[PDB]
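Below: the structure, in C-alpha cells.
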Amino acid sequence: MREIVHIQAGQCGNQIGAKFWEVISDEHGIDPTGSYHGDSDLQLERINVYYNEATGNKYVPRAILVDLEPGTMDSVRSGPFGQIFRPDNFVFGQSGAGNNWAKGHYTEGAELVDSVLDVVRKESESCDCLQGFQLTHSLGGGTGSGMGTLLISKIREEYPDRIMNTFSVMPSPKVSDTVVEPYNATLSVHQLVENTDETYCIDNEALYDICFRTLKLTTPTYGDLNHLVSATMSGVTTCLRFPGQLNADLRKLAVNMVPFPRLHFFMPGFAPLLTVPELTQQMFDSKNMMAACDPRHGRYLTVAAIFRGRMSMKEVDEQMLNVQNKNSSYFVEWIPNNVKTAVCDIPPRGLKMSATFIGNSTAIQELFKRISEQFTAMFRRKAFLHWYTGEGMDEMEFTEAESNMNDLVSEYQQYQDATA
Amino acid sequence: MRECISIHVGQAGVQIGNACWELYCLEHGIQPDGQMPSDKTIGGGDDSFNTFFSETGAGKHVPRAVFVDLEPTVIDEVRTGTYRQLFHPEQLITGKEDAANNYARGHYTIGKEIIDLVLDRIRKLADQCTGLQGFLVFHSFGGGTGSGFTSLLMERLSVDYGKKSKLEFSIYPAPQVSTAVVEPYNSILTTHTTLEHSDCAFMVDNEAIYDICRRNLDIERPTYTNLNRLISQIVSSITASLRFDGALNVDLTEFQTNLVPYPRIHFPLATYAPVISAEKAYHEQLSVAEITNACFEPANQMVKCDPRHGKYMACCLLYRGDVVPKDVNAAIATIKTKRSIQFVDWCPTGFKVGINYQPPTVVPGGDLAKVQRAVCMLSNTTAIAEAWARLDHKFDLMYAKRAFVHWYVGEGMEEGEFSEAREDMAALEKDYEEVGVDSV
Amino acid sequence: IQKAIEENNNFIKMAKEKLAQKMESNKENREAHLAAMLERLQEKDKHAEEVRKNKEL
Ligand SMILES: Nc1nc2c(ncn2[C@@H]2O[C@H](COP(=O)(O)OP(=O)(O)OP(=O)(O)O)[C@@H](O)[C@H]2O)c(=O)[nH]1
Ligand SMILES: Nc1nc2c(ncn2[C@@H]2O[C@H](COP(=O)(O)OP(=O)(O)O)[C@@H](O)[C@H]2O)c(=O)[nH]1
Ligand code: BEF
Ligand SMILES: [Ca+2]
Ligand SMILES: [Mg+2]
Ligand SMILES: [Mg+2]
Numbered sequence: 001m002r003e004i005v006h007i008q009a010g011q012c013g014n015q016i017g018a019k020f021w022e023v024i025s026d027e028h029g030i031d032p033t034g035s036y037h038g039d040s041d042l045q046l047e048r049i050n051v052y053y054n055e056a057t058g059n060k061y062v063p064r065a066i067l068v069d070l071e072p073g074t075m076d077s078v079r080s081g082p083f084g085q086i087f088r089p090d091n092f093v094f095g096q097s098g099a100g101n102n103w104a105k106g107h108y109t110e111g112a113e114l115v116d117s118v119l120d121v122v123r124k125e126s127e128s129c130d131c132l133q134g135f136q137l138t139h140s141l142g143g144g145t146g147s148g149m150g151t152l153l154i155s156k157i158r159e160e161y162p163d164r165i166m167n168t169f170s171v172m173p174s175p176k177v178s179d180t181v182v183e184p185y186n187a188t189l190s191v192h193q194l195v196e197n198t199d200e201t202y203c204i205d206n207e208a209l210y211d212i213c214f215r216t217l218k219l220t221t222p223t224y225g226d227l228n229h230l231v232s233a234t235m236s237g238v239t240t241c242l243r244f245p246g247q248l249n250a251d252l253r254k255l256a257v258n259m260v261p262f263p264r265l266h267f268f269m270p271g272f273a274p275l286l287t288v289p290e291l292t293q294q295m296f297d298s299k300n301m302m303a304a305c306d307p308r309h310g311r312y313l314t315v316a317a318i319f320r321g322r323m324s325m326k327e328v329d330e331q332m333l334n335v336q337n338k339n340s341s342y343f344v345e346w347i348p349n350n351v352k353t354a355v356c357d358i359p360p369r370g371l372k373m374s375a376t377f378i379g380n381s382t383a384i385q386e387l388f389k390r391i392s393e394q395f396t397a398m399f400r401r402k403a404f405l406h407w408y409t410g411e412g413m414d415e416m417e418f419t420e421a422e423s424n425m426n427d428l429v430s431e432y433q434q435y436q437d438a439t440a
Numbered sequence: 001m002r003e004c005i006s007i008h009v010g011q012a013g014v015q016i017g018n019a020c021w022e023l024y025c026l027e028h029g030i031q032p033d034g035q036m037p038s039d040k041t042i043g044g045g046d047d048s049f050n051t052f053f054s055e056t057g058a059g060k061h062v063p064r065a066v067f068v069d070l071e072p073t074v075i076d077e078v079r080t081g082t083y084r085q086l087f088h089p090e091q092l093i094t095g096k097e098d099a100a101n102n103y104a105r106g107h108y109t110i111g112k113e114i115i116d117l118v119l120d121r122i123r124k125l126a127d128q129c130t131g132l133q134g135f136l137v138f139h140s141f142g143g144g145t146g147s148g149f150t151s152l153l154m155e156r157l158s159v160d161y162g163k164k165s166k167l168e169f170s171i172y173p174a175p176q177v178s179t180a181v182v183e184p185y186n187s188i189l190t191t192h193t194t195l196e197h198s199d200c201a202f203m204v205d206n207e208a209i210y211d212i213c214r215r216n217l218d219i220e221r222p223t224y225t226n227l228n229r230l231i232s233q234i235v236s237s238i239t240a241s242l243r244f245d246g247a248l249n250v251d252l253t254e255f256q257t258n259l260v261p262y263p264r265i266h267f268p269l270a271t272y273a274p275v276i277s278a279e280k281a282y283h284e285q286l287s288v289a290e291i292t293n294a295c296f297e298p299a300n301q302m303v304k305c306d307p308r309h310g311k312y313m314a315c316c317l318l319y320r321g322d323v324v325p326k327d328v329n330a331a332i333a334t335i336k337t338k339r340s341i342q343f344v345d346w347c348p349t350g351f352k353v354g355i356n357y358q359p360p361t362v363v364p365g366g367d368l369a370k371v372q373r374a375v376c377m378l379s380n381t382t383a384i385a386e387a388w389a390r391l392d393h394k395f396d397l398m399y400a401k402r403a404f405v406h407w408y409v410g411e412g413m414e415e416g417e418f419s420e421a422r423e424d425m426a427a428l429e430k431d432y433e434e435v436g437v438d439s440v
Numbered sequence: 083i084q085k086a087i088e089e090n091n092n093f094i095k096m097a098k099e100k101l102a103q104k105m106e107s108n109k110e111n112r113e114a115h116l117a118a119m120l121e122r123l124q125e126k127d128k129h130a131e132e133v134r135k136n137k138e139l
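Chains as they are written, first to last, in the authors' numbering: chain D, 1 to 42, 45 to 275, 286 to 360, 369 to 440; chain C, 1 to 440; chain E, 83 to 139.
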C-alpha cells in the first residue's frame, strides 16, 4: 500500500491543504516546479505516497481541489506552489452554499459531486496500490462541510474497502461569528461518525487559544492558526511519508488507534509551540493540544507519539515510559501497551527536535459537548431552519444528527468509566 | 539427503532469515555469489550442508528457502542486498498490500490471494529433494502476515505433505519493539490454529533478546539488527546438527524425541551462552563449565519465565566448538549439585548431550565476540506456560470489551473464533499444569 | 501399518475440509459486511433524492 489521494474542499480545506502541500514539499525537497533538489535519499523513499511521477522527473501532488465558489481557484494558483497542482484537478462552481450545509450536501453540492468523482477515479485508477483518501475541510462552512461529507459517502460507495481520513476543522465563536456553524458541524459529524475511519479534530477554539495565550498574538491571522495546522498535519503524516516501522500506512494507524469503529476522532498535539524530557511532557500537556480538551478530564484509549530530529532513542523510550507510569490513571488498563512511539531522523523545517501527538481520548467529548450545546441553543428555538428546510431537508435529519452526536458522547463516557 | 526447507514469513521472518542465511554462508565458506571453493563435487553431492543448500551446475549453492511477505518492502532489500545472487528470484514471493497487523487479512482477505503461488514454489523446492525431512517456518506472532498467513500456510502444508515434520521459530511480542496493540489477538489466534499442525515450536521472546543485548553486549537501544544477529546464533546452534556431522553430533530429531512428551507439549525453552562482547572476551575465554552454568541462569533464556518455579520434562545440551565429553560431564555434575533442576516424576533426569566441533562464527561488524565454544540448551519446562499466561491475560483485558475486534469481524471472522482460540489456550495452560503434578 | 495410513489420511482429509469451510464461511461474512454498508449508503442516496425532490413541492 502506497498512494494516498488528497482532497481539499471549501475555503478552509483549500487553505490548509495548500500550506500542507507547501510544508511537506519543503521536507521532500520539491520546488514549485515539481523538481527534486534535496540531499537525502530518504526524501524520495516514499515520495509516491503523496506525489505522482510525471514526465521529466517532476513530482505532481496527488491532490484534488474543490470549492463551490470560484474564489479559491485564484488564491491557490496565486499562492506558493500554485503551479505544482495539475490544472485538471481543479473543479469549481460559481455559487456556493453560503455556509448552508444542505446546499453543499443535497443541491448545488450534489450537482458538482459527479465532476470531482471523475477526477478521483482517474487519480485512483493509476495507483499501484491505492491506500486511501484524506480530506481537508471545515465543519462550520458550506462546501467543505456539506459537500465534503457527501463526497466521503460517495467515494466510500466506490471504494468501500479503503481507508477514509479527514482533517476536520471545527467551528468556534472565538474565530468565526457565523451563526449557523453549530448546525453545520452537527450535521457533519453525523456523517463522519458513520463513513470515515480516522478524523483529526482540528479545533479552531484550540488554535486561537494557543496563538493568543501561548504565542502571545493579540489578533492572530488565519495564517497564524494555519501555521499550527500545517505543523501538526506534517507531524501526523511523518510516519506515512518516511521509511518507518510504526503506523507506516493509514490502515495500520487505524488498527492501532481505533478500538471501536465510531470512536475514531483524534486529539492531535504538537510541541514545541530543548531536551527529550521537556518535549515529552509538553507534548502531553493540555495547552499543546489542537482540540479544546483537557486530556486529564478523561482517559486515553490509544496514543501515537512521533518524535522528529536527531536524539537519543534510549532517552525517548525512557521518557515515554516515565510519562505513562506517572500518569497511569489516564490510560485505560483494558488496552495494554496502548501508547506507540516513532522516531524520524529528519526534523521539520526550523526546529532541531519536535514531537507530534495523536490521542484517542474520551476527553474529546468536551469538544462535541460544546458543539451540541451551541446546537441545542438554536434548535430549541427552531431558528434559521428555512435556509435548510428550503433546500428540501426535514426536521428528521436535524434531530437524528443531534441524537447521533449525543450518542458518540455517551459512548466516549461509557468506555471512560470501564474497568478491568 | 534428509533435506530441510526453510520458509520465512513476514518482516520478522524474512529479516531473521537474512541473518540466518548470512551466518550459514559464513559457517560453510559460501560466498555472496553462492560459490563454495571447498565443495569439490559440482552440481550435487550429499554432504551435510546439502540439507540446507542445493547446488547448480555453475557451482552455486542455493538456500532451500522461500521468502514470502504480503508487502514488497522487506523482501526488496533481499533482492538488492549483499546476498541477492544467493537466491533465485522465484524463492522471493511478495504481494503488494500487507495484512496491516490483522490476522484475518493474513489468513483470509489478502493471504488467500497468494497462498497458491507460495505452495507452488514450495512444491518446486520439495521436488529437488531426494528425501525431504521437513519444514522450518520463521514468523512473528504479532504481525498480520506472520500470524494469519503462517497458520494458513501451516494448514495447507499439513494437507499437501501429510505429517511431514514442521518446526517453527516464533517471535513472541514485546512492548519495546512491538508495532501493534492487537498483537495479543494475533498471537492467540495463530497459536490456536497452528497447534495441531506444528511438531515443535521454538519461541523467541523479543524482550528476552532485547534485555540480553542491553545487559550482555553494551547495546543502549538494540535494533532488529542487534536482535536478529543474536537470534541467528541460537537458530544456528539448533540447526548445526543437521548441517554438520561428527562422531558426537546428535541429530535434532533425536532431541525432538526427548523434547515432545505429548503432541501439544512441543514448546522447548532455549537458552544460549556465551553472549559476550569482544572487549570482555579478550584475554579471557570461557570454559565448558562456565558456559554450561550460564545455561541455567534465567537471564540467558530466549523466553522470559522462571524454570526454578516449574518442573523439567527434558534437558538437552547442544555444544559447539572446542568441547569434549569429559568437561561436559564434569560441568553437568557441578550443576546437578548446585542448581534447582526438579524433574517431573515420570521422565528420566539425564541430560542429553550433543557436540558439533565446528566452532561458532561471527558476522563481520557484529556485536558478539568470536568464541571458541558455545552451547544452546533446549529444555522442556512447564515454566514456559508463563509466556502463554502473560499473552492470555492481555487478550482477556481487550476481548472483554471487544476492543479492536471489529477490525477482524470486518474481514470475515466471527467472535466464536476468538473464544474458541482462547479456550484452546486455556486448555494448553491447563495441560502444562497437569504434566507437572506427581503421579499417584 | 494400515491403521497408520488410515490415520494420516484422515488427518489430511479433515484438515482439508475445516479449511475449506473456514475460507467459504469467511468469504460469506466479509461479503455480507460489504453488502450491508453499501445498501446503507444507497439509502442515503434515496434520502438525498427524496430531499432534493421535496424542495419543489
Ligand atoms: N526479532 C525480530 N522481531 C521483529 C522483526 N521485525 C518485526 N518484528 C516483530 O514482529 C511483530 C510484528 O510483525 P511483523 O513481522 O513486523 O509484521 P508482518 O509479519 O509483516 O505482518 P503485516 O506487516 O501486518 O503484514 C512485532 O512484535 C515486531 O516487534 C525483526 O526483524 N526481528
Ligand atoms: N483554521 C482555519 N479555519 C478556517 C479558514 N478558513 C475558514 N475557516 C473556518 O471555516 C469555517 C467557515 O467554513 P468555510 O471555509 O467558509 O466553508 P466553505 O463554504 O466550504 O468554504 C469558519 O468557522 C472558519 O473559522 C482557515 O484558513 N483556517
Ligand atoms: F463559503 Be462556503 F461555500 F459556504
Ligand atoms: Ca557438492
Ligand atoms: Mg467558501
Ligand atoms: Mg509487514
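For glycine and all other residues, C-beta sits at the position ideal for the given N, C-alpha and C.
Item: When you compare the segment 410-429 of chain D with the segment 100-107 of chain C, are there three or more beta-carbon pairs, one atom per stretch, that lie closer than 8 Å?; Value: no
Item: For ligand 2, I want to know if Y224(D) counts as a neighbour, meaning its beta carbon is within less than 8 Å of at least one of the ligand's heavy atoms.; Value: yes
Item: Where does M1(C) land, buried or exposed, given buried means 16+ other C-beta within 10 angstroms?; Value: exposed
Item: Can you pull the chain D residues whose beta carbon is under 8 Å from the beta carbon of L116(E), in chain order?; Value: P162, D163
Item: Thinking C-beta only, is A314(C) closer than 9 Å to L378(C)?; Value: yes
Item: How many Å lie between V181(D) and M172(D) at the Cα?; Value: 14 Å
Item: Per DSSP, what kind of secondary structure is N18(C) in: helix, strand or coil?; Value: helix
Item: Run down chain D in chain order and give the residues with a C-beta less than 7 Å from the C-beta of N258(C).; Value: Those within 7 Å of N258(C) in chain D number zero; the least Cβ separation is about 36 Å.
Item: For ligand 3, which residues count as neighbours when the test is a C-beta closer than 6 Å to any heavy atom?; Value: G10(D), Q11(D), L70(D), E71(D), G98(D), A99(D), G100(D), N101(D), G143(D), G144(D), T145(D)
Item: Can you confirm whether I94(E), when its beta carbon is compared against all beta carbons of chain C, has any partner nearer than 9 Å?; Value: yes
Item: Three or more C-beta pairs closer than 8 Å, one from the segment 306-323 of chain D and one from the segment 374-388 of chain D: is that the case here?; Value: yes
Item: Is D251(D) near ligand 8 - that is, is its Cβ less than 8 Å away from at least one heavy atom of it?; Value: Only ligand 1, ligand 2, ligand 3, ligand 4, ligand 5 and ligand 6 can be found as ligands here, which leaves ligand 8 out of the picture.
Item: Looking at the C-beta of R158(D), does it have a partner C-beta in chain E at a distance below 9 Å?; Value: yes
Item: On the criterion of 16 or more Cβ atoms from any shown chain inside 10 Å, does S439(C) qualify as buried, or is it exposed?; Value: exposed
Item: Is it buried or exposed for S140(C), if we count other Cβ within 10 angstroms and need 16 for buried?; Value: buried
Item: Is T130(C) near ligand 4 - that is, is its Cβ less than 8 Å away from at least one heavy atom of it?; Value: no
Item: Given a threshold of 16 other Cβ atoms within 10 Å of its Cβ, counted over all protein chains shown, does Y172(C) qualify as buried or as exposed?; Value: buried
Item: Within 10 Å of its beta-carbon, does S381(D) have 16 or more other beta-carbons around it, so buried, or fewer, so exposed?; Value: buried
Item: In the DSSP assignment, find the alpha helix (DSSP H) that holds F135(D) and state where it starts and stops.; Value: Run containing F135(D): none in the alpha helix (DSSP H); it sits in the beta strand (DSSP E), 134-140.
Item: Would you say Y185(D) reaches chain E, if we count a Cβ-Cβ gap shorter than 9 Å as a contact?; Value: no
Item: Contact check, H107(D) vs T57(D) under 8 Å by CB: the rounded distance?; Value: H107(D) to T57(D), Cβ: 38 Å. No contact.
Item: Check whether the segment 118-138 of chain C touches the segment 2-10 of chain C, taking contact to mean three or more Cβ pairs, one atom from each stretch, closer than 8 Å.; Value: yes
Item: At 7 Å on the CB atoms, spell out the chain E contacts of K163(C), in chain order.; Value: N90, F93
Item: Entirely within the segment 144-173 of chain D and at least 3 residues each: give me those beta strand (DSSP E) ranges in chain order.; Value: 165-172
Item: Show which residues of chain C have a CB atom less than 9 Å away from the CB atom of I7(D).; Value: Under the 9 Å cutoff, chain C gives no residues; its nearest Cβ is about 22 Å from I7(D).
Item: Taking all protein chains shown into account, do 16 or more other C-beta atoms lie within 10 angstroms of the C-beta of residue 453(D), making it buried, or fewer, making it exposed?; Value: Examination of residue 453(D) is not possible in this model, given that chain D is present from 1 through 440 alone.
Item: Using 8 Å as the Cβ pair cut-off and three pairs as the minimum, do the segment 91-105 of chain D and the segment 131-150 of chain D touch?; Value: yes
Item: May I have the straight-line CA-CA distance separating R64(D) from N14(D), to the nearest angstrom?; Value: 14 Å
Item: Nearer than 8 Å: is that true of the beta carbon of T74(D) relative to any heavy atom of ligand 5?; Value: yes
Item: At 7 Å on the CB atoms, spell out the chain D contacts of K109(E), in chain order.; Value: Here the premise fails: no neighbours, minimum Cβ distance about 14 Å.
Item: Suppose you measure from the CA of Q11(D) to the CA of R253(D); what does that come to, to the nearest Å?; Value: 28 Å
Item: Please identify, using Cβ separations under 7 Å, the residues of the segment 377-407 of chain C that lie next to chain D, in order along the chain.; Value: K394, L397, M398, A400, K401, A403, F404, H406, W407
Item: Of all the CB atoms in chain C, is at least one closer than 9 Å to the CB of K98(E)?; Value: yes
Item: Among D306(D), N186(D), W21(D), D26(D), whose alpha-carbon lies nearest the alpha-carbon of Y408(D)?; Value: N186(D)
Item: Between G412(D) and chain E, is there a C-beta pair that is closer than 9 Å?; Value: yes
Item: Are the C-beta atoms of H192(D) and some chain E residue less than 9 Å apart?; Value: no
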